[PDB]
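Student: I am sharing model-v8.txt, which consists of compact mmCIF, N, CA, C and O atoms:
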# COMPACT_ATOMS: atom_id res chain seq x y z
N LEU A 293 0.82 -1.20 0.00
CA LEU A 293 0.00 0.00 0.00
C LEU A 293 0.86 1.26 0.00
O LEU A 293 0.43 2.30 -0.50
N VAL A 294 2.06 1.18 0.57
CA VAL A 294 3.03 2.25 0.44
C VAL A 294 3.86 2.03 -0.82
O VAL A 294 3.83 0.96 -1.43
N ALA A 295 4.60 3.05 -1.22
CA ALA A 295 5.35 3.02 -2.46
C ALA A 295 6.84 2.88 -2.20
O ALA A 295 7.33 3.28 -1.13
N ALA A 296 7.55 2.31 -3.16
CA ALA A 296 9.01 2.23 -3.12
C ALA A 296 9.56 3.44 -3.85
O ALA A 296 9.37 3.58 -5.06
N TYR A 297 10.27 4.33 -3.14
CA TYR A 297 10.55 5.63 -3.73
C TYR A 297 11.76 6.34 -3.15
O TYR A 297 11.90 6.45 -1.92
N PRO A 298 12.67 6.82 -3.99
CA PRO A 298 13.75 7.70 -3.52
C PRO A 298 13.46 9.18 -3.74
O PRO A 298 12.78 9.59 -4.69
N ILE A 299 13.99 9.99 -2.83
CA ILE A 299 13.93 11.45 -2.92
C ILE A 299 15.32 11.99 -2.63
O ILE A 299 15.80 11.89 -1.49
N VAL A 300 15.97 12.56 -3.64
CA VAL A 300 17.30 13.12 -3.43
C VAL A 300 17.26 14.63 -3.56
O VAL A 300 16.24 15.21 -3.96
N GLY A 301 18.36 15.28 -3.21
CA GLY A 301 18.49 16.72 -3.29
C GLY A 301 19.89 17.12 -2.87
O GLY A 301 20.58 16.34 -2.21
N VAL A 302 20.31 18.33 -3.23
CA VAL A 302 21.69 18.74 -3.04
C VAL A 302 21.75 19.80 -1.95
O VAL A 302 20.73 20.32 -1.50
N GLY A 303 22.97 20.12 -1.54
CA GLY A 303 23.19 21.21 -0.61
C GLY A 303 24.60 21.73 -0.73
O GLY A 303 25.56 20.97 -0.63
N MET A 304 24.74 23.03 -0.94
CA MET A 304 26.04 23.61 -1.20
C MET A 304 26.80 23.80 0.11
O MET A 304 26.23 24.22 1.12
N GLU A 305 28.09 23.49 0.08
CA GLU A 305 28.96 23.67 1.23
C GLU A 305 29.71 24.99 1.16
O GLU A 305 29.72 25.76 2.13
N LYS A 306 30.33 25.28 0.02
CA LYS A 306 31.05 26.53 -0.17
C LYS A 306 31.04 26.89 -1.65
O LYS A 306 30.84 26.04 -2.53
N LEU A 307 31.27 28.17 -1.92
CA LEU A 307 31.34 28.71 -3.27
C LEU A 307 32.66 29.44 -3.42
O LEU A 307 32.97 30.33 -2.62
N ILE A 308 33.45 29.08 -4.43
CA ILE A 308 34.73 29.71 -4.67
C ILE A 308 34.66 30.44 -6.00
O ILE A 308 34.14 29.90 -6.98
N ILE A 309 35.18 31.67 -6.02
CA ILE A 309 35.25 32.47 -7.24
C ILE A 309 36.71 32.67 -7.62
O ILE A 309 37.63 32.40 -6.84
N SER A 310 36.91 33.15 -8.84
CA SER A 310 38.24 33.45 -9.34
C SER A 310 38.12 34.51 -10.43
O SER A 310 37.12 34.52 -11.15
N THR A 311 39.12 35.37 -10.54
CA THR A 311 39.04 36.50 -11.46
C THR A 311 39.91 36.25 -12.69
O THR A 311 40.58 35.23 -12.81
N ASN A 312 39.90 37.20 -13.62
CA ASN A 312 40.62 37.08 -14.88
C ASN A 312 41.21 38.45 -15.20
O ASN A 312 40.51 39.34 -15.67
N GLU A 313 42.51 38.61 -14.95
CA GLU A 313 43.22 39.82 -15.29
C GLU A 313 44.44 39.45 -16.12
O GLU A 313 44.63 38.30 -16.49
N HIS A 314 45.26 40.45 -16.42
CA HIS A 314 46.49 40.24 -17.17
C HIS A 314 47.48 41.33 -16.76
O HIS A 314 47.43 42.45 -17.27
N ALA A 315 48.37 41.00 -15.83
CA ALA A 315 49.34 41.96 -15.34
C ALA A 315 50.70 41.71 -15.97
O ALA A 315 51.03 40.58 -16.35
N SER A 316 51.50 42.77 -16.05
CA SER A 316 52.84 42.65 -16.61
C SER A 316 53.70 43.80 -16.10
O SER A 316 53.19 44.87 -15.78
N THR A 317 55.01 43.55 -16.01
CA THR A 317 55.98 44.58 -15.64
C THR A 317 57.08 44.64 -16.68
O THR A 317 57.51 43.62 -17.22
N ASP A 318 57.56 45.86 -16.94
CA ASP A 318 58.62 46.10 -17.91
C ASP A 318 59.69 46.98 -17.28
O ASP A 318 59.37 47.87 -16.48
N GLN A 319 60.93 46.74 -17.66
CA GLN A 319 62.07 47.52 -17.18
C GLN A 319 63.04 47.71 -18.33
O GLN A 319 63.29 46.77 -19.09
N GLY A 320 63.58 48.92 -18.47
CA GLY A 320 64.44 49.22 -19.60
C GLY A 320 65.56 50.17 -19.22
O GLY A 320 65.49 50.89 -18.22
N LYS A 321 66.61 50.15 -20.04
CA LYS A 321 67.75 51.03 -19.86
C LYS A 321 68.15 51.63 -21.20
O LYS A 321 67.95 51.03 -22.26
N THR A 322 68.72 52.83 -21.14
CA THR A 322 69.05 53.63 -22.31
C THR A 322 70.47 54.15 -22.19
O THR A 322 70.84 54.70 -21.15
N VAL A 323 71.23 54.00 -23.27
CA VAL A 323 72.60 54.50 -23.37
C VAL A 323 72.75 55.21 -24.70
O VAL A 323 72.39 54.66 -25.74
N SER A 324 73.28 56.44 -24.69
CA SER A 324 73.44 57.16 -25.95
C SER A 324 74.62 58.13 -25.88
O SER A 324 75.03 58.56 -24.80
N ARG A 325 75.10 58.51 -27.06
CA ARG A 325 76.30 59.32 -27.21
C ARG A 325 76.19 60.13 -28.50
O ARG A 325 75.68 59.63 -29.50
N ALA A 326 76.68 61.38 -28.48
CA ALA A 326 76.62 62.22 -29.67
C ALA A 326 77.77 63.21 -29.68
O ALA A 326 78.40 63.45 -28.65
N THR A 327 78.04 63.79 -30.85
CA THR A 327 79.07 64.80 -31.02
C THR A 327 78.67 65.81 -32.10
O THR A 327 77.87 65.52 -32.99
N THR A 328 79.22 67.03 -31.99
CA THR A 328 78.80 68.15 -32.84
C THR A 328 80.00 69.01 -33.21
O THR A 328 80.93 69.13 -32.41
N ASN A 329 79.95 69.63 -34.39
CA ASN A 329 80.96 70.58 -34.86
C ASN A 329 80.28 71.79 -35.48
O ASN A 329 79.11 71.73 -35.86
N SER A 330 81.02 72.89 -35.58
CA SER A 330 80.45 74.12 -36.14
C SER A 330 81.55 75.03 -36.66
O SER A 330 82.66 75.06 -36.12
N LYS A 331 81.22 75.80 -37.70
CA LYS A 331 82.11 76.80 -38.28
C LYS A 331 81.29 77.96 -38.81
O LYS A 331 80.58 77.82 -39.80
N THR A 332 81.38 79.12 -38.14
CA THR A 332 80.60 80.29 -38.49
C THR A 332 81.51 81.42 -38.96
O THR A 332 82.72 81.42 -38.72
N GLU A 333 80.89 82.41 -39.61
CA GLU A 333 81.62 83.52 -40.22
C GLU A 333 80.70 84.73 -40.29
O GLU A 333 79.54 84.59 -40.68
N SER A 334 81.21 85.91 -39.93
CA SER A 334 80.35 87.09 -39.85
C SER A 334 81.11 88.36 -40.24
O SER A 334 82.34 88.42 -40.18
N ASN A 335 80.34 89.39 -40.60
CA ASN A 335 80.87 90.69 -40.99
C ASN A 335 80.08 91.80 -40.32
O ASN A 335 78.87 91.70 -40.14
N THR A 336 80.78 92.88 -39.95
CA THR A 336 80.17 94.05 -39.32
C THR A 336 80.65 95.33 -40.00
O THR A 336 81.80 95.42 -40.42
N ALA A 337 79.77 96.33 -40.06
CA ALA A 337 80.12 97.64 -40.59
C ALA A 337 79.30 98.72 -39.88
O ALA A 337 78.11 98.54 -39.63
N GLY A 338 79.95 99.85 -39.59
CA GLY A 338 79.30 100.89 -38.81
C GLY A 338 79.94 102.25 -39.03
O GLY A 338 81.10 102.35 -39.44
N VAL A 339 79.16 103.29 -38.74
CA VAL A 339 79.53 104.68 -39.00
C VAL A 339 79.05 105.54 -37.83
O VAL A 339 77.89 105.43 -37.42
N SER A 340 79.93 106.38 -37.29
CA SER A 340 79.58 107.32 -36.24
C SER A 340 79.96 108.73 -36.65
O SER A 340 80.86 108.94 -37.46
N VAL A 341 79.29 109.71 -36.05
CA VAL A 341 79.58 111.12 -36.29
C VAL A 341 79.20 111.90 -35.04
O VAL A 341 78.18 111.61 -34.41
N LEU B 293 -13.80 8.59 -28.27
CA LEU B 293 -14.02 9.64 -29.27
C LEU B 293 -13.05 10.80 -29.08
O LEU B 293 -12.60 11.41 -30.05
N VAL B 294 -12.72 11.12 -27.84
CA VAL B 294 -11.71 12.13 -27.58
C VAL B 294 -10.33 11.51 -27.71
O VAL B 294 -10.19 10.29 -27.81
N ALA B 295 -9.30 12.35 -27.72
CA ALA B 295 -7.94 11.90 -27.99
C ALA B 295 -7.00 12.28 -26.85
O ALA B 295 -7.18 13.32 -26.21
N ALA B 296 -6.00 11.44 -26.62
CA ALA B 296 -4.97 11.70 -25.62
C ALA B 296 -3.89 12.56 -26.25
O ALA B 296 -3.22 12.13 -27.19
N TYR B 297 -3.69 13.77 -25.72
CA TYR B 297 -2.88 14.74 -26.44
C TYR B 297 -2.31 15.82 -25.53
O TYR B 297 -3.07 16.46 -24.79
N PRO B 298 -1.00 16.05 -25.56
CA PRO B 298 -0.42 17.17 -24.82
C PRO B 298 -0.28 18.42 -25.67
O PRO B 298 -0.07 18.37 -26.88
N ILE B 299 -0.41 19.57 -25.00
CA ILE B 299 -0.21 20.88 -25.61
C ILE B 299 0.69 21.68 -24.68
O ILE B 299 0.28 22.00 -23.55
N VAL B 300 1.90 22.00 -25.13
CA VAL B 300 2.86 22.71 -24.31
C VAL B 300 3.29 23.98 -25.02
O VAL B 300 3.02 24.19 -26.20
N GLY B 301 3.98 24.84 -24.27
CA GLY B 301 4.51 26.07 -24.80
C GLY B 301 5.40 26.73 -23.77
O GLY B 301 5.46 26.29 -22.62
N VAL B 302 6.07 27.80 -24.19
CA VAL B 302 7.06 28.45 -23.35
C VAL B 302 6.56 29.83 -22.96
O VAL B 302 5.53 30.31 -23.44
N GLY B 303 7.31 30.48 -22.07
CA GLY B 303 7.00 31.82 -21.64
C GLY B 303 8.20 32.50 -21.03
O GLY B 303 8.91 31.90 -20.22
N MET B 304 8.46 33.75 -21.41
CA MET B 304 9.68 34.43 -21.02
C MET B 304 9.48 35.23 -19.74
O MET B 304 8.43 35.86 -19.56
N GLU B 305 10.48 35.22 -18.87
CA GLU B 305 10.47 36.00 -17.64
C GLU B 305 11.40 37.20 -17.74
O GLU B 305 11.00 38.34 -17.48
N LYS B 306 12.65 36.96 -18.11
CA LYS B 306 13.68 37.98 -18.10
C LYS B 306 14.71 37.69 -19.18
O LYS B 306 14.84 36.57 -19.68
N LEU B 307 15.47 38.73 -19.51
CA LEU B 307 16.50 38.66 -20.54
C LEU B 307 17.72 39.40 -20.04
O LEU B 307 17.58 40.50 -19.49
N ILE B 308 18.90 38.82 -20.20
CA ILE B 308 20.14 39.43 -19.72
C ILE B 308 21.11 39.54 -20.89
O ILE B 308 21.27 38.58 -21.66
N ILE B 309 21.74 40.70 -21.04
CA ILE B 309 22.81 40.87 -21.99
C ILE B 309 24.11 41.06 -21.23
O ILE B 309 24.12 41.27 -20.01
N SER B 310 25.23 40.97 -21.95
CA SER B 310 26.54 41.26 -21.40
C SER B 310 27.50 41.55 -22.55
O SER B 310 27.62 40.74 -23.48
N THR B 311 28.18 42.68 -22.48
CA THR B 311 29.00 43.15 -23.58
C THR B 311 30.44 42.68 -23.43
O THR B 311 30.79 41.97 -22.49
N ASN B 312 31.28 43.09 -24.37
CA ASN B 312 32.67 42.65 -24.42
C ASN B 312 33.55 43.85 -24.74
O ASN B 312 33.30 44.56 -25.72
N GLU B 313 34.57 44.07 -23.93
CA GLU B 313 35.54 45.12 -24.16
C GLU B 313 36.91 44.66 -23.69
O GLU B 313 37.09 43.52 -23.25
N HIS B 314 37.88 45.55 -23.81
CA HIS B 314 39.26 45.27 -23.41
C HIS B 314 39.85 46.56 -22.84
O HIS B 314 40.40 47.38 -23.58
N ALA B 315 39.74 46.73 -21.53
CA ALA B 315 40.21 47.94 -20.87
C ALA B 315 41.58 47.71 -20.26
O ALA B 315 41.90 46.61 -19.80
N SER B 316 42.40 48.76 -20.26
CA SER B 316 43.74 48.64 -19.71
C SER B 316 44.20 49.97 -19.15
O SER B 316 43.81 51.03 -19.63
N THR B 317 45.06 49.89 -18.13
CA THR B 317 45.66 51.06 -17.49
C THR B 317 47.15 50.84 -17.33
O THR B 317 47.61 49.71 -17.20
N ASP B 318 47.91 51.94 -17.34
CA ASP B 318 49.36 51.92 -17.24
C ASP B 318 49.85 53.16 -16.51
O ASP B 318 49.38 54.27 -16.76
N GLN B 319 50.83 52.96 -15.64
CA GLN B 319 51.54 54.06 -15.00
C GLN B 319 53.03 53.77 -15.09
O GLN B 319 53.46 52.67 -14.75
N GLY B 320 53.81 54.75 -15.54
CA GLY B 320 55.23 54.55 -15.71
C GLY B 320 56.03 55.73 -15.17
O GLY B 320 55.52 56.84 -15.04
N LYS B 321 57.30 55.45 -14.88
CA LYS B 321 58.24 56.46 -14.41
C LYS B 321 59.43 56.50 -15.35
O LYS B 321 59.69 55.56 -16.09
N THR B 322 60.18 57.60 -15.28
CA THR B 322 61.37 57.75 -16.10
C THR B 322 62.36 58.69 -15.42
O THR B 322 61.96 59.69 -14.81
N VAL B 323 63.64 58.35 -15.52
CA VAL B 323 64.74 59.03 -14.83
C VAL B 323 65.95 58.99 -15.76
O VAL B 323 66.28 57.93 -16.29
N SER B 324 66.61 60.14 -15.96
CA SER B 324 67.82 60.15 -16.78
C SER B 324 68.74 61.31 -16.40
O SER B 324 68.38 62.19 -15.61
N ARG B 325 69.94 61.30 -17.00
CA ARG B 325 70.99 62.29 -16.76
C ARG B 325 71.85 62.43 -18.01
O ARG B 325 72.22 61.42 -18.62
N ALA B 326 72.16 63.66 -18.39
CA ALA B 326 73.00 63.93 -19.55
C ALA B 326 74.13 64.88 -19.17
O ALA B 326 73.99 65.71 -18.27
N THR B 327 75.26 64.75 -19.86
CA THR B 327 76.41 65.61 -19.67
C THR B 327 76.82 66.23 -21.00
O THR B 327 76.39 65.80 -22.07
N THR B 328 77.64 67.28 -20.92
CA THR B 328 78.15 67.97 -22.09
C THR B 328 79.48 68.62 -21.73
O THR B 328 79.58 69.26 -20.68
N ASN B 329 80.49 68.46 -22.59
CA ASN B 329 81.78 69.11 -22.43
C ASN B 329 82.23 69.68 -23.76
O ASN B 329 82.30 68.95 -24.76
N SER B 330 82.54 70.98 -23.79
CA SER B 330 82.65 71.68 -25.06
C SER B 330 83.80 72.68 -25.03
O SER B 330 84.22 73.14 -23.96
N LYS B 331 84.27 73.04 -26.23
CA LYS B 331 85.38 73.96 -26.41
C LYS B 331 85.14 74.79 -27.66
O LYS B 331 84.80 74.25 -28.71
N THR B 332 85.32 76.11 -27.54
CA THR B 332 85.06 77.06 -28.61
C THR B 332 86.27 77.95 -28.83
O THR B 332 87.05 78.22 -27.91
N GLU B 333 86.41 78.45 -30.06
CA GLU B 333 87.61 79.19 -30.44
C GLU B 333 87.28 80.10 -31.62
O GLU B 333 86.72 79.64 -32.61
N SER B 334 87.65 81.39 -31.52
CA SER B 334 87.31 82.36 -32.55
C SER B 334 88.42 83.39 -32.71
O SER B 334 89.24 83.61 -31.81
N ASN B 335 88.44 84.04 -33.88
CA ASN B 335 89.39 85.10 -34.19
C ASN B 335 88.63 86.29 -34.75
O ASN B 335 87.54 86.15 -35.30
N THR B 336 89.22 87.48 -34.61
CA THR B 336 88.60 88.72 -35.05
C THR B 336 89.65 89.64 -35.65
O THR B 336 90.79 89.67 -35.20
N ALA B 337 89.23 90.42 -36.65
CA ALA B 337 90.08 91.42 -37.27
C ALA B 337 89.21 92.52 -37.85
O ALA B 337 88.08 92.28 -38.29
N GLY B 338 89.74 93.74 -37.84
CA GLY B 338 88.96 94.89 -38.26
C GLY B 338 89.84 96.10 -38.46
O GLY B 338 90.94 96.21 -37.89
N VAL B 339 89.34 97.01 -39.29
CA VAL B 339 90.04 98.23 -39.68
C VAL B 339 89.07 99.39 -39.52
O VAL B 339 87.92 99.30 -39.97
N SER B 340 89.52 100.47 -38.89
CA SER B 340 88.70 101.67 -38.80
C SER B 340 89.52 102.87 -39.25
O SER B 340 90.75 102.85 -39.24
N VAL B 341 88.82 103.93 -39.64
CA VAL B 341 89.46 105.16 -40.09
C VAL B 341 88.53 106.32 -39.78
O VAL B 341 87.31 106.23 -39.94
So, in terms of structure tokens, how does the structure I just supplied come out?
Tutor:
Amino acid sequence: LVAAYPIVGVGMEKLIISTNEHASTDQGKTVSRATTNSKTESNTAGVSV
Amino acid sequence: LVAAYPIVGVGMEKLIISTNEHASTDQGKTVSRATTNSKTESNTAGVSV
């Protein structure tokens, strides 16, 4: 008169999350050297009284 | 005379969207030092009356 029957169900214990990023670090160094030359030429003229 | 027959259908409750982008941020520093060592040389000549 009674029935043969299962009843199941779940229950959560814990929930874990996780993120999604993208990190990076950069480091650099710079070395440089230069040189310069020049040759100029000029003229002047004037009058006083 | 009648027939055994199911009639089903759906019904909407809510709708969710979610977009897609690519955001980024950067902060940087910079430090340097330069030197210079130089030598100059000139000549002059002139006539007055």
Student: Show me, as a PyMOL selection string, the residues that have an atom within 12 Å of residue 334 of chain A when counting only C-alpha atoms, minus same-chain residues fewer than 5 positions from it.
Tutor: chain B and resi 334-338
Student: Here's a check: after a least-squares fit over all in-order C-alpha atoms, write chain B in the frame of chain A, as a compact mmCIF listing (two decimals) with N, CA, C and O atoms, in the coordinates of the input.
Tutor:
# COMPACT_ATOMS: atom_id res chain seq x y z
N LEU B 293 0.46 -1.32 -0.37
CA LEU B 293 -0.24 -0.03 -0.40
C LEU B 293 0.74 1.14 -0.44
O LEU B 293 0.48 2.15 -1.08
N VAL B 294 1.87 1.01 0.24
CA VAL B 294 2.91 2.02 0.15
C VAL B 294 3.73 1.79 -1.11
O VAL B 294 3.59 0.76 -1.78
N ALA B 295 4.57 2.76 -1.46
CA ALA B 295 5.30 2.73 -2.72
C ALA B 295 6.81 2.82 -2.48
O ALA B 295 7.26 3.47 -1.53
N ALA B 296 7.57 2.18 -3.36
CA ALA B 296 9.02 2.23 -3.32
C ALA B 296 9.48 3.47 -4.07
O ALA B 296 9.26 3.58 -5.28
N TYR B 297 10.15 4.39 -3.37
CA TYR B 297 10.37 5.70 -3.95
C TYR B 297 11.55 6.43 -3.32
O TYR B 297 11.60 6.56 -2.09
N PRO B 298 12.50 6.92 -4.11
CA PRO B 298 13.58 7.75 -3.58
C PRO B 298 13.26 9.23 -3.67
O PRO B 298 12.58 9.70 -4.58
N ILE B 299 13.79 9.98 -2.69
CA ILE B 299 13.69 11.43 -2.65
C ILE B 299 15.08 11.97 -2.34
O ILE B 299 15.60 11.73 -1.24
N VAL B 300 15.68 12.68 -3.29
CA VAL B 300 17.03 13.19 -3.13
C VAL B 300 17.02 14.69 -3.33
O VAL B 300 16.05 15.29 -3.78
N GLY B 301 18.15 15.31 -2.96
CA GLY B 301 18.33 16.73 -3.13
C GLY B 301 19.76 17.10 -2.81
O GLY B 301 20.53 16.27 -2.33
N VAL B 302 20.10 18.36 -3.07
CA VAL B 302 21.48 18.82 -2.94
C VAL B 302 21.57 19.80 -1.79
O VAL B 302 20.57 20.21 -1.20
N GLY B 303 22.81 20.19 -1.47
CA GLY B 303 23.06 21.16 -0.44
C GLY B 303 24.43 21.78 -0.58
O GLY B 303 25.41 21.07 -0.80
N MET B 304 24.53 23.10 -0.46
CA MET B 304 25.76 23.81 -0.75
C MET B 304 26.60 23.99 0.51
O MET B 304 26.06 24.27 1.58
N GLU B 305 27.91 23.84 0.37
CA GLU B 305 28.85 24.06 1.46
C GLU B 305 29.61 25.36 1.28
O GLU B 305 29.66 26.20 2.19
N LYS B 306 30.22 25.54 0.12
CA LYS B 306 31.11 26.66 -0.14
C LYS B 306 31.07 27.03 -1.61
O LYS B 306 30.67 26.25 -2.47
N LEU B 307 31.53 28.25 -1.88
CA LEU B 307 31.55 28.80 -3.24
C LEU B 307 32.87 29.52 -3.43
O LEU B 307 33.29 30.26 -2.54
N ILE B 308 33.53 29.30 -4.56
CA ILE B 308 34.83 29.91 -4.84
C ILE B 308 34.74 30.66 -6.16
O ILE B 308 34.19 30.13 -7.14
N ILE B 309 35.24 31.89 -6.19
CA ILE B 309 35.38 32.63 -7.41
C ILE B 309 36.86 32.77 -7.73
O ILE B 309 37.73 32.48 -6.90
N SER B 310 37.16 33.19 -8.96
CA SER B 310 38.51 33.50 -9.38
C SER B 310 38.46 34.41 -10.60
O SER B 310 37.79 34.07 -11.60
N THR B 311 39.14 35.53 -10.54
CA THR B 311 39.04 36.55 -11.57
C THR B 311 40.11 36.36 -12.64
O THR B 311 40.91 35.43 -12.59
N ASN B 312 40.13 37.27 -13.60
CA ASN B 312 41.03 37.17 -14.75
C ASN B 312 41.61 38.55 -15.03
O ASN B 312 40.85 39.52 -15.17
N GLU B 313 42.92 38.64 -15.12
CA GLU B 313 43.60 39.87 -15.47
C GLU B 313 44.84 39.55 -16.28
O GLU B 313 45.12 38.39 -16.61
N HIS B 314 45.58 40.59 -16.63
CA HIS B 314 46.80 40.46 -17.42
C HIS B 314 47.79 41.52 -16.93
O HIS B 314 47.79 42.66 -17.41
N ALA B 315 48.63 41.14 -15.98
CA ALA B 315 49.58 42.06 -15.38
C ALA B 315 50.95 41.89 -16.01
O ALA B 315 51.35 40.79 -16.40
N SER B 316 51.68 43.00 -16.12
CA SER B 316 53.00 42.95 -16.72
C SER B 316 53.90 44.02 -16.13
O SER B 316 53.43 45.08 -15.72
N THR B 317 55.20 43.72 -16.11
CA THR B 317 56.23 44.65 -15.62
C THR B 317 57.37 44.69 -16.61
O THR B 317 57.64 43.72 -17.31
N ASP B 318 58.06 45.83 -16.66
CA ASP B 318 59.17 46.07 -17.58
C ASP B 318 60.18 47.00 -16.94
O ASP B 318 59.83 48.00 -16.31
N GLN B 319 61.45 46.68 -17.14
CA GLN B 319 62.55 47.56 -16.76
C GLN B 319 63.52 47.63 -17.93
O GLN B 319 63.91 46.60 -18.47
N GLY B 320 63.90 48.85 -18.32
CA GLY B 320 64.78 49.02 -19.45
C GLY B 320 65.88 50.03 -19.16
O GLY B 320 65.75 50.88 -18.27
N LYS B 321 66.95 49.93 -19.95
CA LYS B 321 68.08 50.84 -19.86
C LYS B 321 68.30 51.48 -21.22
O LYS B 321 67.85 50.98 -22.24
N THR B 322 69.03 52.60 -21.21
CA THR B 322 69.35 53.29 -22.45
C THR B 322 70.65 54.07 -22.30
O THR B 322 70.92 54.65 -21.24
N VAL B 323 71.45 54.06 -23.36
CA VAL B 323 72.80 54.63 -23.38
C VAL B 323 73.03 55.20 -24.78
O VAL B 323 72.76 54.52 -25.77
N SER B 324 73.52 56.44 -24.86
CA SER B 324 73.83 57.02 -26.17
C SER B 324 74.91 58.10 -26.06
O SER B 324 75.31 58.51 -24.97
N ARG B 325 75.36 58.57 -27.24
CA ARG B 325 76.41 59.57 -27.38
C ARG B 325 76.19 60.36 -28.66
O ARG B 325 75.90 59.77 -29.71
N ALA B 326 76.32 61.68 -28.59
CA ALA B 326 76.16 62.54 -29.75
C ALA B 326 77.36 63.48 -29.87
O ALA B 326 77.99 63.84 -28.88
N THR B 327 77.68 63.86 -31.11
CA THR B 327 78.75 64.79 -31.40
C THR B 327 78.22 65.95 -32.23
O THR B 327 77.12 65.89 -32.78
N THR B 328 79.01 67.03 -32.29
CA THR B 328 78.67 68.21 -33.06
C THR B 328 79.95 68.92 -33.45
O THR B 328 80.83 69.10 -32.61
N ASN B 329 80.07 69.32 -34.72
CA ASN B 329 81.19 70.10 -35.21
C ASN B 329 80.68 71.22 -36.10
O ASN B 329 79.95 70.97 -37.06
N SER B 330 81.06 72.46 -35.78
CA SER B 330 80.37 73.61 -36.34
C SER B 330 81.35 74.73 -36.67
O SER B 330 82.44 74.81 -36.10
N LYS B 331 80.91 75.62 -37.57
CA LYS B 331 81.71 76.74 -38.04
C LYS B 331 80.79 77.92 -38.30
O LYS B 331 79.76 77.78 -38.95
N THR B 332 81.19 79.10 -37.79
CA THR B 332 80.40 80.32 -37.88
C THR B 332 81.23 81.45 -38.45
O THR B 332 82.46 81.49 -38.29
N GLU B 333 80.56 82.40 -39.10
CA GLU B 333 81.26 83.46 -39.82
C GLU B 333 80.34 84.67 -39.95
O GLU B 333 79.20 84.53 -40.38
N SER B 334 80.85 85.87 -39.59
CA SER B 334 80.04 87.07 -39.59
C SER B 334 80.86 88.28 -40.00
O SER B 334 82.09 88.29 -39.90
N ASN B 335 80.16 89.33 -40.46
CA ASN B 335 80.78 90.59 -40.84
C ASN B 335 80.01 91.73 -40.18
O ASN B 335 78.83 91.59 -39.85
N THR B 336 80.69 92.86 -39.99
CA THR B 336 80.11 94.02 -39.33
C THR B 336 80.58 95.29 -40.02
O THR B 336 81.71 95.37 -40.49
N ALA B 337 79.70 96.30 -40.03
CA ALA B 337 80.02 97.61 -40.56
C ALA B 337 79.15 98.65 -39.87
O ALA B 337 78.01 98.38 -39.49
N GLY B 338 79.71 99.85 -39.71
CA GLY B 338 79.02 100.89 -38.97
C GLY B 338 79.68 102.23 -39.17
O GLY B 338 80.87 102.33 -39.51
N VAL B 339 78.87 103.27 -38.97
CA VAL B 339 79.27 104.66 -39.17
C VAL B 339 78.85 105.44 -37.93
O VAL B 339 77.70 105.30 -37.48
N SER B 340 79.75 106.26 -37.39
CA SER B 340 79.38 107.13 -36.29
C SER B 340 79.83 108.55 -36.61
O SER B 340 80.71 108.78 -37.43
N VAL B 341 79.20 109.52 -35.94
CA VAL B 341 79.52 110.93 -36.13
C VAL B 341 79.22 111.66 -34.83
O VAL B 341 78.23 111.39 -34.16
Student: Atom N of residue 319 of chain B to atom O of residue 315 of chain A: how many Å, to one decimal?
Tutor: 12.4 Å
Student: Counting only C-alpha atoms, what is within 12 Å of residue 323 of chain A, bar same-chain residues fewer than 5 positions away, as a list in words?
Tutor: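 So, after excluding close chain neighbours, the residues are residues 324, 325 and 326 of chain B.
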Student: Could you tell me how far atom C of residue 316 of chain B lies from atom O of residue 310 of chain A, in Å and to one decimal?
Tutor: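 A separation of 18.8 Å between them.
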Student: Please indicate the distance in Å from atom C of residue 322 of chain B to atom O of residue 317 of chain A, rounded to one decimal place.
Tutor: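 Computing the Euclidean distance for atom C of residue 322 of chain B and atom O of residue 317 of chain A yields 15.9 Å.
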